[PDB]
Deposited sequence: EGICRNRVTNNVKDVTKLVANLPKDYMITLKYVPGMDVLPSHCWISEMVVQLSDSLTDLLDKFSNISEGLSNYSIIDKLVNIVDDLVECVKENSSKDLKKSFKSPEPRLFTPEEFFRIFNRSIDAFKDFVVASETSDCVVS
C-alpha cells in the first residue's frame, strides 16, 4: 500500500546531505510535532509540503551529465514525493514556515518516508 511507490533512490539522500553546505538553509512548512504526534496525523500535510520544498531546491541546482549531482538526486526525490502525494490522495491549514539545515531537513524527509511504509 504505497510502500512500493517509494523507489530506492532515497539511499542517495545521505550523499545529498554530504554535498550541501552545513549552514545552507531550506524552507519547509513544518507540521507541528510530527516528531511527537502519531504517524498518520501529520503525514498527509508533510508529504505535500516536502514536494514544494524539494522543487524549490531543484531550482537552485543545475544539471551536469557526467556523474551524480545534487540536481540528479533531488530530481529523483521529487518524483518519489509527488507519487506519494498521488497515493495519499487516492488511498486515504498551513503550518508557519520554518528553516532547516540540510541534515535536519533530510531527517524530516527520511522520517516521512519511514512513516509511509506502515500506513492504513
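The chain's deposited sequence has unresolved stretches at 1-2, 95-102, 131-141, with no C-alpha coordinates there.
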